[PDB]
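> First piece of the complex, coordinates kept as in the full assembly:
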Amino acid sequence: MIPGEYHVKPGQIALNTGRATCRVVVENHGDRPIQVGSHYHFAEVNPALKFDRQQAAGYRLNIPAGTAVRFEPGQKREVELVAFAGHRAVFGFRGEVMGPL
Amino acid sequence: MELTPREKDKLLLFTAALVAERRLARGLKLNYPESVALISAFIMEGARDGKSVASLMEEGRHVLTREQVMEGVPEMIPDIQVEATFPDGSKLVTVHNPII
Amino acid sequence: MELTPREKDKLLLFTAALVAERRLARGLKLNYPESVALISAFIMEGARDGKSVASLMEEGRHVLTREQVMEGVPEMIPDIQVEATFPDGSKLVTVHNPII
């Protein structure tokens, strides 16, 4: 017996189903580490990360909510993005869109 | 003594441990609060002795074993945290998985 | 430990008993509060051990005798009542005429 123990049934959960995705190669050209969160507007991340910003418009990382991906200096890797839903209106971040799209 | 609120609060922890310390001596398997109180009071004394935070993080995992506590207890205590005045001021000691 | 108000209140009883326990050891005849504290703390431990309410009602009358307490004290204590967590939950133990 273990107080308050879970009995999680085996298997997996498919995340963000039914939504547009795209893969992008990203490279950190800065001399300091950069870590991006699951729901951050990818097209507006730190300017030192080199990639196709145009393709990443209206997209965020296709990873479980609240987690992040880190890029050490000089690191290059391929990430998968999932498109924003809701009203598809971006406000904040680097202040590049500030409205729908 | 000009005791501050934190000093008086710690007298509560010290006392809870005297209770647990006696019961352990009788040969009883400690419950949840008793276990937390015993390991915690042990750490506060380690600091009074001048032991480093690093040493206490390790020693704290050898105060009680799984056979000295009630069932389920070890799982109820993923870690134990307590602060005390070390020679170099107040420091925090976290003991991870103290009971095994 | 997440101590509730009743647990902290009982640390007061436990502590009053440590005081009485020491004085008894010195060979002093206990006064009114000391006597109540000593017999009471004894009952709480009986419950932690798993003794039944019925057994404690009887054992409690053999902790202190009339020769171990000040004059008038036995008459000031017609009974002693205290509750503790027994294996089957909180129960009340009343010890009638505990000192004789």
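That came through fine. Numbering: from 1, shown residues only, chains lettered A, B, ... in the order given.
> On the three-state scheme, the most centrally placed residue in chain B is what?
For chain B, residue B:40 is the residue whose C-alpha lies nearest the centre (Cα atoms, centre = their mean; 1.4 Å). Using DSSP: H, G, I helix; E, B strand; the rest coil, the three-state assignment for residue B:40 comes out as helix.
> likewise residue A:40?
Classified using three-state DSSP, residue A:40 is coil.
> That one: how many residues sit nearby?
A count of nearby residues for residue A:40, using other Cβ atoms under 10 Å in any protein chain shown, gives 15. From N, CA and C alone the C-beta is placed, and that goes for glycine too.
> Ok, the one 5 residues further on next?
Residue A:45 is flanked by 21 other residues according to other Cβ under 10 Å.
> Looking at chain A, which residue is nearest chain C?
Chain C sits closest to residue A:3 of chain A, with a gap of 13.2 Å, by Cβ to the nearest Cβ.
> Please name the residues that touch that residue.
Counting by Cβ atoms under 8 Å, 6 or more residues apart in numbering or on different chains, residue A:3 makes contact with B:72, B:75-76.
> What residue, apart from its backbone neighbours, is nearest the residue nearest to the centre of chain B spatially?
residue B:82 (4.5 Å; Cβ to Cβ, 6 or more residues apart in numbering or on different chains).
> now do residue A:66
That would be residue A:38: by Cβ to Cβ, 6+ apart, it lies 6.0 Å from residue A:66.
> Against which helices or strands is the helix or strand harbouring residue A:36 packed?
For residue A:36, the host element (DSSP states H and E) is strand A:34-37. Packing partners of strand A:34-37 (3 or more Cβ pairs under 8 Å, 6 or more residues apart in numbering or on different chains; DSSP states H and E): strand A:68-71.
> now what about the strand it packs on, what contacts it?
Contacts of strand A:68-71 (Cβ under 8 Å, 6+ apart): A:26-28, A:33-38, A:49, A:61, A:63, A:77, A:79.
> of all these, which two lie farthest apart?
Greatest spatial distance among those (Cβ to Cβ): A:27 and A:38, at 20.4 Å.
> how many neighbours does residue B:16 have?
Neighbour count of residue B:16, defined by other Cβ under 10 Å: 23.
> and the closest residue in space to it that isn't next to it in sequence, helix, strand or coil?
Nearest non-adjacent residue to residue B:16, counting by Cβ to Cβ, 6+ apart: residue B:37, 3.8 Å away. Assigned with three-state DSSP, residue B:37 falls in the helix class.
> Also, this goes in as chain D:
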Amino acid sequence: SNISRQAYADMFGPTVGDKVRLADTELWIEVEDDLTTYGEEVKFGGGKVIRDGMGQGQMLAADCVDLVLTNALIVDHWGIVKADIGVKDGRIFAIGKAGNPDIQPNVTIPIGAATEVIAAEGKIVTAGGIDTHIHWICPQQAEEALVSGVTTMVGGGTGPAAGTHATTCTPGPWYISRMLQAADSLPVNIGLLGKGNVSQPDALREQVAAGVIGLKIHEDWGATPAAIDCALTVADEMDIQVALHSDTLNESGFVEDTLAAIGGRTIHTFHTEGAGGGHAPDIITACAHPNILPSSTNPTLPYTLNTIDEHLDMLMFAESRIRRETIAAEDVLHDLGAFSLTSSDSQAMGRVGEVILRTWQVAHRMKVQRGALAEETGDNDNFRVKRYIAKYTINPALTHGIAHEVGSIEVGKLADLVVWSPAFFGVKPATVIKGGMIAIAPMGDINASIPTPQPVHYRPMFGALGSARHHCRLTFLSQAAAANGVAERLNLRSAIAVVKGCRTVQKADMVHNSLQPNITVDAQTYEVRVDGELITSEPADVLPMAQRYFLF
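Okay, here's chain D dropped in alongside the others:
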């Protein structure tokens, strides 16, 4: 992407199909539904979802909630579901999917700059308990009860006075006024009961007009047919509830007489089993009637090895009152739904901080002794959990006419919530929220670098302070007092609530506990039978939610 179920549970708490053990009992609950969109769950912290432009939106305070409990596993009489809870203006705004409509789908609970966050993932959230059998012997009882998960206390008293030690009665206008004023200092919702033992209606109307939301008829003041009839007549016209502790001595008549005096009118019977008071030895038969709303006090719950032994001196003819036959049966009657509420009977044959704890101990002992309820579906105890939680939340609220304000997690109700870690469910809460503000919670070293270092023990929070308390608690008044301007006259500082619907509730209205058994008690043997079959159970030698959690 994809994520395994175990890791998912570790990060956001359990989802549909997962089971969770309640504390160290044998009761298991299974998530019946999850109101989230996988991938869009909200989480707080560095780099998480609840950040500007992301999970947090641009709406003004009026268009978002003040508080959001994320990833909560709700256990209420209506369901055991996974969802975010939104609280706005001190009340339950919604149960659904929290987030930002700008970039997230299915958002029903908007999070903005004006939103505070309580991470509830891995935690069970419930309504605050409601104890309707309080003896106001001392004010310290409110803290003890609050810490246990009880947020509303109804009862009567004036302090440690002989009248109050024995009965839940606040006698007359003066004491009633005094106690209504003292109530603003206590961090729980409060309603008062006056002395209903009089054969002069005007003496009762005065008390109701002064502020009581009910009347307690107690044998110590004379539970005679005349006094009973008088109290019920006033209750009928003033929409207040009556609580009864009948004539144990059978001095004015037997149980059938009292029942006749009641005349089919609504009445809340206290400690219906009898140990706490009532017609010896068959007051328990009252639970068969449609107008009787039956409750138990907690010392007899559940039947254990030391129960009978401790009950004699606690009484202080005892044998006519303390019966093993009725005590053993009471547990079963609760499992069956014949007894609808649990209460304490604080310091007058009851333990104030053990209402919730003991209710779960009964459920556990009944699962072990009787197995699954006929109503169970699936391999879980979901229905038995809903039947028992209703006993100290929605049912007490309905019996006393306050269900419109508190009693459950439904929209528009006061946000009185309790957060529990599964390992301590029913024993020691993680957070107790009153009217939308945390009022008490476990707190470690005040001078520490984090709130977790020892010693951790319950301490009052901002919701229990001065005017913030007044804004987060309710003082219940009878409709009459409310109209007469009692609140303004006594200059009460807390929010006011009026009781209504006390004369129309009947046994059929008790959530999941509406059984009216054809119950009989043998005058000689004291045996309880339902439809001729003997009702009984065995006493426990060891119980869960006990020695593993307490220092004493």
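> The neighbour count of residue B:16 with chain D there, same question as before?
Counted by other Cβ under 10 Å, the residues lying close to residue B:16 total 28.
> So it is in contact with residue D:551, correct?
Yes. Counting by Cβ atoms under 8 Å, residue B:16 does reach residue D:551; the two are 6.1 Å apart.
> between those two, what contacts are shared?
By Cβ under 8 Å, 6+ apart, the residues touching both residue B:16 and residue D:551 are B:33-34, B:37, C:1, C:3, C:11.
> Farthest-apart pair in these, please.
The span of the shared contacts of residue B:16 and residue D:551, defined through Cβ to Cβ, is set by B:34 and C:11 at 12.3 Å.
> Have a look at those two and say which one is more surrounded.
More crowded of residue B:34 and residue C:11, by other Cβ under 10 Å: residue B:34, with 27 against 20.
> would you say that one is within a helix?
Yes. Assigned with three-state DSSP, residue B:34 falls within a helix.
> residues in contact with it?
By Cβ under 8 Å, 6+ apart, the contact list for residue B:34 reads B:16, B:19-20, B:23-24, D:551.
> Output the set of residues of chain B in proximity to chain A.
Within chain B, the positions lying close to chain A (Cβ under 8 Å from any Cβ of the partner chain) are B:71-72, B:75-76.
> could you redo the last one with a cut-off of 10 Å?
Counting by Cβ under 10 Å from any Cβ of the partner chain, chain B comes close to chain A at B:32, B:71-76.
> Nearest to residue D:160, out of those: which one, please.
The closest of those to residue D:160 turns out to be residue B:32 (Cβ to Cβ; 33.4 Å).
> For the closest one, give me its contacts.
A:3, B:69-70, B:72-73, B:76-77, C:1-2, D:423-424, D:427-428, D:547-551 (Cβ atoms under 10 Å, 6 or more residues apart in numbering or on different chains).
> Give me the subset of the residues you listed lying in helices.
B:73, B:76 (DSSP state H).
> Quick one: classify residue D:308 as helix, strand or coil.
helix.
> so does whatever helix or strand comes next after the strand holding residue A:36 get close to chain D?
Following strand A:34-37 in sequence order, the next helix or strand is strand A:49-50 (DSSP H and E). No. Figure legend: strand A:49-50 not in contact with chain D (Cβ under 10 Å from any Cβ); closest approach 15.2 Å.
> secondary structure element for the residue in the stretch 1-150 of chain D positioned nearest to chain B?
Taking Cβ to the nearest Cβ, chain B has its nearest neighbour within the stretch 1-150 of chain D at residue D:24, 5.8 Å off. Using DSSP H and E, residue D:24 sits within no helix or strand.
> please slot chain E in as well:
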Amino acid sequence: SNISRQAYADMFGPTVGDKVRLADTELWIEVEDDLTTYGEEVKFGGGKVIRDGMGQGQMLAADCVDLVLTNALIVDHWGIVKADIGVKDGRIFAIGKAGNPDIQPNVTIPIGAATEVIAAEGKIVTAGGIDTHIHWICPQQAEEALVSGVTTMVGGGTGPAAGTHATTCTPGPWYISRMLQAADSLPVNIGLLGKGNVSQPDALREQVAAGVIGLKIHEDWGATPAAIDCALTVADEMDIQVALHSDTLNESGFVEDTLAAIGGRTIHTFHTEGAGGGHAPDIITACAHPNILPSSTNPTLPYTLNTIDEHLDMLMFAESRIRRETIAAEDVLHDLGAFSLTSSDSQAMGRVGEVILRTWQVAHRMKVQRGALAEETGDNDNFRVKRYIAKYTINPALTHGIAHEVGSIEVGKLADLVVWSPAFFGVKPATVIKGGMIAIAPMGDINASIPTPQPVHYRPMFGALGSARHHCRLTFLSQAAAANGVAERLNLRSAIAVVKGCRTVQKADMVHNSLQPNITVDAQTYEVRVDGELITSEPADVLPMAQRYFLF
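One more chain to add, chain E, which I have set with the ones above:
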């Protein structure tokens, strides 16, 4: 029927002719009268008298009391009698026979639905003590004092400031206003004393107009003839009392000079023996005068083996102040009635929770050393008990002009009462009632099934909470402040009372303590003589009300 006297005492407490030992002292009291009708005594409980139609009647709240203390054994300056006490509207309604006029005879205290009950059978009931020598060094003193049986505290201070450590003075309008506001938080009646040491009348009138009910003249601020005269002139015109701590150093003159400066005007002399302050070594001679109302502080009461030893470091020339000759005599002067009041001198050479305790210890030591008083009638210490109880109740109330509100158990006075078990009389109260509500009492385990399980220790009750407290306590003001609207201006929440009759009280007005002895002190030997006979006594090695009751 018939009933034996022993069983009767066990059931309803002692009656006429029965004697009761006070705690563990040698003092015995004997019931002088019983206001009941044998067979008609009221008792509460299951099957008892106080039930509808029986001992409880049908009258409305206006026609019955709010509280009744049943079968109480009253010990007051006017008598030691057995009776029921009725309390209505926070005040003493009557002392007589409680019950229901419908079926009972001789009922003078009607019990109805609006009546609460406190079972006082087997208990001694007294008025609450009144300490007129408080140094407001810390607010915690109010709880300590309340627990001991003291309900009214008069004195001065601003907290732990050098001025307050030494003198009972609240200096000026600002601090006075601040302390009047802080007083609503304390569960005792309070009156404040300002600094009377000034030779400019207007500087004194301001303080009175601000709220003080008296002025303290203290040598630390300069107890000069000029300052003394100035304070007494203002007192005479503003009807406030003056308390004096004279020039110990004899710097401005000897005792006869101070007495001359006083000029036959009314004055309360603090610690008249001298140890606490005053003309060395003969300030004690003041008790011979008709205008002097003499009181003692408690550390010198009674003369014991460790008294002299502890007094030097507590002082911190000492030999001129701490005199065995005057300390030994003081006990006798109290027994004779030359000293009329006892007070503490809280934390400035006095123990706040030991006023009552030490007064009884003196009475005991005097009975043992001197035997029965010439006034005794019967084989009991009734008169000596009345003489001593008056010292900390009615006399202090008369000296400071508040006897119209508090000070004794008489009709119309505020219901400040203390219930005592005979075994703990003067040591630890069973219940302390303020303005008709219990404010503090011993309370066992809050979560227990009954209020008696350990640990039992004093805890604040409903009468000490928020607005209920404000309604049950009084803040005394000078007539001037009252008229100037100070209460409304500072927005005081408590009930207000005005002092009056401070200039007309004289030694002859002190109940049972009006002796004006022809006392002389030898300048060289320090010996105290009355009519030439040496006054003295022996020091106690062991005292009652001490080691048998305290944990430390």
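> let's see the nearest residue to residue A:66 again after adding chain E.
Distance criterion Cβ to Cβ, 6+ apart; nearest residue to residue A:66, sequence neighbours excluded, is residue D:43 at 3.6 Å.
> neighbours of residue B:2, just the number please.
Each residue near residue B:2 was counted by other Cβ under 10 Å, and the total is 4.
> likewise residue D:333?
Counted with other Cβ under 10 Å, the neighbours of residue D:333 add up to 25.
> who are the neighbours in contact with residue D:393?
Residue D:393 makes contacts with D:76-77, D:126-130, D:149-152, D:341, D:356, D:403, D:406-409, D:416, D:511, as judged by Cβ under 10 Å, 6+ apart.
> redo that, cut-off 8 Å
Neighbouring residues of residue D:393 by Cβ under 8 Å, 6+ apart: D:76-77, D:126-130, D:407-408.
> so which of these is the most crowded?
Busiest of those [other Cβ under 10 Å] is residue D:130, holding 32 neighbours.
> what's the spacing between that residue and chain E?
Distance, residue D:130 to chain E, by Cβ to the nearest Cβ, to the nearest Å: 18 Å.
> Around chain A, which positions in the stretch 351-500 of chain D sit nearby?
Counting by Cβ under 8 Å from any Cβ, the residues of the stretch 351-500 of chain D close to chain A are D:421-425.
> Inside strands: which ones of the residues you listed?
Among those, no residue falls in strands (DSSP state E).
> from those, which are also near chain B?
Among these, chain B is touched by residue D:423 when using Cβ under 8 Å from any Cβ.
> I'd like to know which of the residues of the stretch 351-500 of chain D next to chain A are buried.
Neighbour-count burial (16 or more other Cβ atoms under 10 Å in any protein chain shown) applied to those gives D:421-425.
> from those, which is closest to chain C?
Taking Cβ to the nearest Cβ as the measure, chain C sits nearest to residue D:424 out of those, at 7.3 Å.
> Quick one: residues contacting the nearest residue to that closest one once chain neighbours are set aside.
For residue D:424, ignoring the flanking residues on the chain, the nearest one in space by Cβ to Cβ, 6+ apart is residue D:23 at 6.4 Å. Taking Cβ under 8 Å, 6+ apart, we find residue D:23 in contact with A:3-4, D:360, D:422-427, D:544-545.
> what's the nearest residue to the most centrally placed residue in chain A if we skip its chain neighbours?
The centre of chain A sits closest to residue A:61, judged by Cα atoms, centre = their mean, with a distance of 1.9 Å. Spatially, and ignoring its direct neighbours in sequence, residue A:61 is nearest to residue A:38 (5.2 Å; Cβ to Cβ, 6+ apart).
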